[PDB]
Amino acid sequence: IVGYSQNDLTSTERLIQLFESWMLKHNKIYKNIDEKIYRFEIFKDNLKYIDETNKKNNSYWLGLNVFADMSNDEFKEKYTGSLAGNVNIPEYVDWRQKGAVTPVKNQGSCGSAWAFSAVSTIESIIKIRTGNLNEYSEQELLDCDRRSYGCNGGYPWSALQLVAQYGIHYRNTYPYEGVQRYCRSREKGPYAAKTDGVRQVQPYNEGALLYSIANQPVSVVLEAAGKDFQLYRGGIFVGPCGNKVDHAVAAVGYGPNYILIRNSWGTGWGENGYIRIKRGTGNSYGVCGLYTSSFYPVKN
């Protein structure tokens, strides 16, 4: 299972056809054949890495996901860098099962995950409090959070606080463009929602984070720039990654061995946009520095 046959490797011509059907499977369109050929070479290299890395018996595996035609350097730059930086709980939690999570979004080639992370926890807390699941505007936070840097990264806590002090509009009222424009908040009329505050989970503390997740999805950060993270396909991700967090995501559950993480790279990444990250190793940073900096919205 995922995402090619051993028969595909026995021949250049086969590799090409494999690459062809992977482009179709992801609606990949390139400028010219020069890029297409370039992309094949990248594809070919990540295939080789995947195939070699999947021999090794870890608890997760890599795959020809949406980022398979990208070099890790290319990937580092474009989908990593969203951070401007600096009591008996259920055995299992998954807020997807309570209707509190909207469908998976795609930040595109924009360092905006700080807004995506925040907005996701906001949508969730309002469902939990008021009973309705809505989609809210990442573009608004992108454009309007003066402490953040738009597509060059920002702070989740800053985005949450904006929503607590002012409000946020609906996705459909302020749609995502993946580019920072001027603030258009006042042009859209009244806010759709307003939170009442922001709290921070005690950092470097797994138990504290789990407790929080059991009440609300939490906005957390991790280091996502690694090639194993990039090509991640399924299973419990156990490393390797450092503690130089560079990406913002939403913790929307956990089990005995893992914390459930909603990413914002579309459904063509990971377990349909999600990753399960190893927990309980005692390590106070968390795998990929997951426990570094966690915030969640408050809604009376």
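Sequential numbering from 1, following the sequence displayed.
Unmodelled residues of the deposited sequence between neighbouring positions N86 and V87 number 10 or more.
For the segment pair 11 to 19 and 273 to 281, the entry gives 11 to 19 the higher mean B-factor, averaged over Cα atoms. Stretch comparison (87 to 95 versus 67 to 75) by mean CA B-factor in the PDB entry places 87 to 95 on top. Taking the PDB entry at face value, the top CA B factor among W114, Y182, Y149, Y176 belongs to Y182. Listed residues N46, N57, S264, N243 were ranked by CA B-factor as deposited; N57 comes out on top. In this PDB entry, the Cα temperature factor of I33 sits in the top third of its chain's modelled residues, the highest group. In the deposited entry, the Cα temperature factor of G167 sits in the middle third of values across the chain's modelled residues. When the modelled residues of the chain are ordered by C-alpha B-factor, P190 sits in the middle third. Per the deposited record, the Cα B-factor of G226 falls in the lowest third when ranked against the other modelled residues of its chain. Residue-level temperature factors show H26 in the highest third of its chain, judged at the C-alpha atom.
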